[PDB]
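Ligands are counted one by one from 1 in listed order, and the atoms in each one are counted from 1 as well. Just so it is clear, the values below take in all heavy atoms, side chains as well, and ignore hydrogens, waters and symmetry mates. Every chain is numbered from 1, with letters handed out A, B, ... down the list of sequences.
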4 protein chains.
Amino acid sequence: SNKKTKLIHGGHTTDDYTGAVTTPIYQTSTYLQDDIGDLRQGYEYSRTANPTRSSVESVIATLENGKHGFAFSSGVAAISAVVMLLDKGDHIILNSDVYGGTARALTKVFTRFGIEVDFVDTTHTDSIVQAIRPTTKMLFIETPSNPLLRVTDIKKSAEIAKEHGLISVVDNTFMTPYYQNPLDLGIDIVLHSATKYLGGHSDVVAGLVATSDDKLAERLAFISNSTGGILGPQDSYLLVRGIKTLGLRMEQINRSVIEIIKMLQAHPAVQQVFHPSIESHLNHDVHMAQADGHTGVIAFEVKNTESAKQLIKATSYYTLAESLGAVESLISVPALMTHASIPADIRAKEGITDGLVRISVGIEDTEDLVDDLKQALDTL
Amino acid sequence: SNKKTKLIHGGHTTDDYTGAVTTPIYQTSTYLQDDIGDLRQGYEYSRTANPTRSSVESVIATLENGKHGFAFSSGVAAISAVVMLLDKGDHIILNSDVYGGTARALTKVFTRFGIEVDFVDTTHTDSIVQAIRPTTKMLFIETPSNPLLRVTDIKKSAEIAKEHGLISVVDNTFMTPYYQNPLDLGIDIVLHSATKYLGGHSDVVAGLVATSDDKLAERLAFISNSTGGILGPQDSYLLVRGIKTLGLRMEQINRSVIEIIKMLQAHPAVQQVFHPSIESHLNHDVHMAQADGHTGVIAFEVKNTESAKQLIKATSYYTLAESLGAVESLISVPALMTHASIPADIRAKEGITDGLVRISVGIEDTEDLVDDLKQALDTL
Amino acid sequence: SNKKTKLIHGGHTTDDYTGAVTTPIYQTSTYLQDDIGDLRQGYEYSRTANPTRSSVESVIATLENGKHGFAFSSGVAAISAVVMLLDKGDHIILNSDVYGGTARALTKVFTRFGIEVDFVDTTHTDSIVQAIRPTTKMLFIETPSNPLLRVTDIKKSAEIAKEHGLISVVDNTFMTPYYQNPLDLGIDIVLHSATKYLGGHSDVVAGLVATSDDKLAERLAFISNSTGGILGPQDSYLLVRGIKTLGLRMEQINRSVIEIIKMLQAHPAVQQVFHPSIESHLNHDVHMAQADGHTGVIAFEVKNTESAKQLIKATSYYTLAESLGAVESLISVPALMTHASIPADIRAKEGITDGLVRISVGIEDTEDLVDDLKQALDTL
Amino acid sequence: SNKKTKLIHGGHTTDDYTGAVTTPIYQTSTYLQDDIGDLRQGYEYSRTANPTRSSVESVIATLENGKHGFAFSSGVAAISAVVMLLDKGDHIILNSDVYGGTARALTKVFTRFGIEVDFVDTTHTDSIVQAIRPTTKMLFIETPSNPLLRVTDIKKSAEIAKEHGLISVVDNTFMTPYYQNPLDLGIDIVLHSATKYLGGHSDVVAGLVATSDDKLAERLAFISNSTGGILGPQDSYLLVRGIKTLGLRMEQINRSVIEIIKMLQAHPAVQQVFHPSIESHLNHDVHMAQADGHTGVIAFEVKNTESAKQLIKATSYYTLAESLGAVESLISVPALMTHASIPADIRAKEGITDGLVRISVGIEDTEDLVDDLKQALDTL
Ligand SMILES: Cc1oc(Cn2ccc3ccc(Br)cc32)cc1C(=O)O
Ligand SMILES: Cc1oc(Cn2ccc3ccc(Br)cc32)cc1C(=O)O
Ligand SMILES: Cc1oc(Cn2ccc3ccc(Br)cc32)cc1C(=O)O
Ligand SMILES: Cc1oc(Cn2ccc3ccc(Br)cc32)cc1C(=O)O
Ligand SMILES: *Cc1c(COP(=O)(O)O)cnc(C)c1O
Ligand SMILES: *Cc1c(COP(=O)(O)O)cnc(C)c1O
Ligand SMILES: *Cc1c(COP(=O)(O)O)cnc(C)c1O
Ligand SMILES: *Cc1c(COP(=O)(O)O)cnc(C)c1O
Ligand SMILES: C[As](C)(=O)[O-]
Ligand SMILES: C[As](C)(=O)[O-]
Ligand SMILES: C[As](C)(=O)[O-]
Ligand SMILES: C[As](C)(=O)[O-]
Ligand SMILES: C[As](C)(=O)[O-]
Ligand SMILES: C[As](C)(=O)[O-]
Ligand SMILES: C[As](C)(=O)[O-]
Ligand SMILES: C[As](C)(=O)[O-]
Ligand code: NA
Ligand code: NA
Ligand code: NA
Ligand code: NA
Ligand code: NA
Ligand code: NA
Ligand code: NA
Ligand code: NA
């Protein structure tokens, strides 16, 4: 029924055999056959399929309202598997501020295999229409993006991809299936870095992919079985377990996000704030029309590098570390940590200023997170 | 010093911090930074590096006398990472009877990216010399191969690859680092399905890669970090643990292999036997010159499909299942299980007859394994 | 600061060595000593102490505002360790409806060792005063109790125990440290079946004990080290992980508890409802004075056994299984499942009627849980 | 059939449901019931029974030729459960040099519950006959003992216990079921610290108990369920896995033991050597009659404390740490590490001299272990 119930009872996460109310961990590579080719429960070799991995795959398929799920050893392994649907000579359109790892994979790995990449400002979907070439075969969008939280119209992108014969892909990491369901809006494939919110506890690196398309699912299963970037059973189990509390965690994060943004907008040491909940944010209405909540990632400007470092040192409850979607709130400075290879003039032009801070809001007490960040900003 | 000591004390598999005599399992995705960019022990994000994965990587680098190790989510993920060293238009030479998963990856995935594949009978290394094109960039060999255990001269292949500017790769799964060390013979990259002997307990799917080449190691690390087929920490731990007993397991397996082959050669219901220890086997002397023991995989012919099925049903201690390198002995029929897509006339021509049985010798009592297989053959 | 922040940042649950933001899993039994008796970080043998177990022990000590924590292989192992503080000839007072496993341990095991047990209705603390003998050395109370949720005044029991030289113990399982902190009210020892709410995911069996008393802590450490009922490192890790979401889970459970009780009180097929939040419940004011929330366990009467079974069959979201404190709501019938050895006339006299149903409210959507239980009751 | 086969195929260590060739890890606390009291596969609550724990219990029952197995959270938890078969006023006879943890549990814990303990030199079984009181109910022996490896006649002790109505218990840790099977010699209960050889990899703390007596098994199951010192599922799995290689490990250890003892007996810096394989060792013939191999624990005298410390520092392959039965060889000095609370004059009288060194032989290369210990002794 409602989302919080679906999180507990959706998918197959119990043991039909013993009745165990949690998915058994099949730390196993192979399976007895009673006769040659007769598999007791459909399993024959864990790379091809493993029951614990099948459990988490059923969960992500259910949560995204798809038919088929796939679990990979990381988010970028899921992305690479999806890109491998294409052939040399094919063209893929991506949002222009796509995740750094995605941009690296496409421009430094897959370009050597003849895949051509164009980065497009998809906040206006007619940019996609202009960028389509005869060889374009895939449209890949994140929304909202990192670290400036740009929003792209999912439904319109799905329609464009249908009309032009493209495979449409949404990286739904920042929103999670709790708030945004791209397959319901016509997208062919949805994927996640489960390393972030889905696992939720900073203790699994994993990717998840869901689709309703039987033929794309067959192709993805073949790619998974042949290139072998599969998630192991212990990590699959920890994913199932972490997803149980996804709804509670996201709701707490959202309460804190709302109060923190109020504080940041009022504070004199903060300039611009980036988050899709802000009414003046580009495509705010598009976001509200395709999602019923918010990501916990916020970016905001302080004056300079020194202020950013001082802010980090002055907080008690914000942890300096890579990644996002933890139960701990995390803080980072993109210009120094993720975007430092880009020359400073280009960073400035793109809005990645020296004082741009990114926080990933965790599940600490809302008042504590607001007060801590405020007093730290007061030290500037 | 000696191999069995190196297996226990080689690599870094203790905790410098607490002194724990086993590698801690770092079920974690990210790491506190004390200042922006200052990593306490070199860790910042588990996809890039994880201490438990670094432990197993140090083990495989030590065991293969290399400098750099890499742990992947499966053997075929390690193979795919190594193939991704190449660009569209490049050509790779493989032994003609390479592992089915390798052939599938190259001919159904990487060929779509412009990688060209030629299958060559490398049991005569001058076949490699003939097959080299101007665009050839990699030579990839298994020895001994599956399921007919063909042997390829590693040292000569390394010399050919050096002379012609090729990256040389040996899939050393069947022999393990306990018996065969391709990097010592001049090969650039050695890799393993750790799913088999290294893990040894049929409970991990994993790949391992080792090299002494700093530049190839940098390229492999970039590919791993960008396409993300990494081994998780629990599986890395179980690998380290299983490798501890590699020497004992391989030695027991070898004692049983010798006695089983004597029995098979004497038995009237068995025709041809395939194993590199047999003096009339092609390149037996090459094998003995590049290895100081034997794989536990043996293939032998009984009369037909019905005899093969009857043999399997009549054994007590041979388990019908996919994979090899378990503590249990495993039995299979390639024509029905791994090679069934090849038309029967082609199978027959290649020696994959309907009665070809493959066994992977485990660590059961030698007398029991000999007697069990013999009495089962007596029922034919 | 506030409880939800303390749950994330309280205790020591990161790695000082690598900075890993989660507690490493020390799957290890022993530790290198650099010189005889010089321990690198205080560890020498995992039965005595293990770093992952020390992490969860620090968490429970912090959450209960104690100084010392202890992790056991189950709730009843924690209880047995605490009972072993006593000697033959000593007397222990327990609430008269104590948990079945506790009653079994004391009356069928520890009584054979000369420990004498008296069951007392502690809802009136003067019953404790009457029951005190010269040999009484321990007062052990649960509040609220199972399955009728009787409430005992913790502060008054602590004062009585101080005055008469008794060790006071509270089994705080049903309330958790999120809502009730017995050590703050003067109790010597607090303990939990961490199998329930603390782990929270029905995937760990564990006990936890906390105290502020240095001498009792030394005695408990000696008992743990000598009788060895220690929690293992994987289970310790899963406990730390599950406790992260304790606050969110308990708050969702409490919202659902309030709405479900409204529904049950209004429903014509339900007679008596047992829960400390009900204003006419005995010692409701005592509960509100010593706790700032509620347990998720509720008991209520339907007409008879047949109605109870029908109710269970008619629900969609209530799972028939033993235990409580899961993310799934659980349903049971004490007269058939936990109390069936008591003769029916005694059960009836005690209020354990054939139609008494117990539910443990999970974290499903509140509206779904209310509507599901209501429609199922409507089928009666 | 033969022991090495039984180690692989004995007990139930596969999944009947999927065919997985390894025991699934049931990280779970409770189990769905299809109707009240109808358990799908006999499971209802993991403290009472867990399928992974049942797997390791079946293994130890099979390996010891018993009917019932029990897995505890440590060796001393298994011992405490067995002692709890007794009542206040009962008397237990133990060998006089029993393991320190056992002596501590009995003389500092169970004596407070009215259990009376007598330490007896059981190397002459008539000492047992003299020590029997009207209240004696249990005879508990280790053989060989620590650290002087005293041997006790198991068959004669079993006969004495039968004749006088005692429960007989053998702590079979040092010999393992691979070499010594006390239940076959008439003993009622056999137990192990599985922390040592059975797990074999220094990564599990665990106890195991086996019996053929249905009534004692029922009593032990009740004690386990009521006091809750159960082994968790991950540790149970690692035990099953480690036991697979028990035979190979013990055989390698025995080859090394034989060569090391030759070296120690010849070396001028070594005085007395303690090991049951030495022909002049007390009850050498008794040991050879009740076992068909040897423990890997050896003790030997060097001159003094300074020589012992120097020896430890001079070795390359002997690791200074507590415990025994690892894949690494371990070295210790009992007078400083396990027996330091005993006054020095008593230690000297008992043979625990300042220069007594204990080694636990691991599975390193035999020549390496001999040569390393010899060169280190040469530095004296
Ligand atoms: C290493 C990296 O490469 C890219 C892609 N990329 C290439 C040029 C370029 C200019 C601006 C921006 Br924004 C992204 C750009 C993003 C990242 C990252 O880690 O964030
Ligand atoms: C699915 C598969 O594809 C191949 C490669 N391949 C293609 C044609 C062909 C002919 C003979 C042999 Br031998 C191998 C061949 C091997 C396998 C396998 O699973 O074994
Ligand atoms: C097996 C069990 O033993 C007890 C204790 N006990 C002994 C007599 C008795 C009468 C009423 C009540 Br209420 C509890 C009683 C509780 C339980 C249980 O599992 O619930
Ligand atoms: C702490 C400990 O207590 C004991 C039992 N115990 C009591 C007196 C005594 C004298 C000699 C010997 Br030998 C053992 C003795 C053994 C150990 C141990 O850790 O080894
Ligand atoms: C309600 C419910 C669903 C249906 O979810 P939708 O969001 O309507 O697609 C699926 N699974 C479970 C367990 C549910 O309770
Ligand atoms: C002997 C030894 C080595 C060296 O091994 P080689 O086979 O000579 O390369 C490495 N590590 C350890 C722990 C050793 O004992
Ligand atoms: C606030 C806070 C505490 C103090 O908790 P109290 O309930 O006041 O005892 C402890 N630890 C952390 C991490 C906190 O944030
Ligand atoms: C041989 C065998 C047994 C019997 O072992 P004994 O030592 O004769 O009691 C049990 N299980 C398996 C799997 C065996 O192979
Ligand atoms: C500006 As539009 C609504 O075509 O993305
Ligand atoms: C910013 As990242 C998830 O590539 O460490
Ligand atoms: C036949 As040749 C020795 O050139 O591989
Ligand atoms: C023969 As296989 C390791 O691809 O199941
Ligand atoms: C009735 As009273 C307040 O002495 O527990
Ligand atoms: C009611 As119970 C936790 O002893 O199964
Ligand atoms: C000396 As005797 C054989 O009675 O133990
Ligand atoms: C000698 As010990 C196993 O009690 O650390
Ligand atoms: Na738009
Ligand atoms: Na669609
Ligand atoms: Na050749
Ligand atoms: Na080289
Ligand atoms: Na009262
Ligand atoms: Na106090
Ligand atoms: Na004797
Ligand atoms: Na018997």
Within the side chain of [X], is there an N or O that forms a donor-acceptor pair under 3.5 Å with the backbone of [Y]?
| X | Y | result |
| --- | --- | --- |
| B:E350 | B:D345 | no |
| D:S226 | C:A105 | no |
| C:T295 | C:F174 | yes |
| D:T30 | C:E322 | yes |

Heavy-atom nearest neighbour in the protein, as seen from [atom], with distance rounded to 0.1 Å:
| atom | answer |
| --- | --- |
| atom 13 (Br) of ligand 3 | C:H339 CD2, 4.0 Å |
| atom 19 (O) of ligand 2 | B:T338 O, 2.9 Å |
| atom 3 (C) of ligand 9 | A:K156 NZ, 3.0 Å |
| atom 2 (As) of ligand 9 | A:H124 CE1, 3.9 Å |
| atom 5 (O) of ligand 9 | A:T125 OG1, 2.9 Å |
| atom 1 (C) of ligand 3 | C:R104 CG, 3.8 Å |
| atom 15 (C) of ligand 3 | C:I342 CD1, 4.2 Å |

Requested in this report: Please identify which atoms of ligand 3 are closer than 4.0 Å to at least one heavy atom of C:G100.
Outcome: 16 (C), 17 (C), 18 (C), 19 (O), 20 (O)
Query raised in the report: Any idea which atoms of ligand 3 are less than 4.0 Å away from a heavy-atom of C:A103?
Result: 4 (C), 5 (C)
Query raised in the report: Any heavy atom of B:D97 sitting closer than 4.0 Å to ligand 2?
Result: no
Query raised in the report: Does the protein put any heavy atom within less than 4.0 Å of atom 7 (C) of ligand 2?
Result: no
**Report entry** Beyond-backbone contact of C:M138 with C:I93, side-chain heavy atoms, under 4.5 angstrom
**Finding:** no
Query - Distance-minimising heavy-atom pair for D:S46 and D:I230 - result: O-CD1, 4.2 Å
Report task. Tell me yes or no: between the side chains of B:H192 and B:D171, is some donor less than 3.5 Å from an acceptor? Result -> no
Query raised in the report: When you check the side-chain N and O atoms of A:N95 and A:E142, is any donor under 3.5 Å from an acceptor?
Result: yes
Query raised in the report: So is there a nitrogen or oxygen of A:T123 less than 3.5 Å from a nitrogen or oxygen in ligand 9?
Result: no
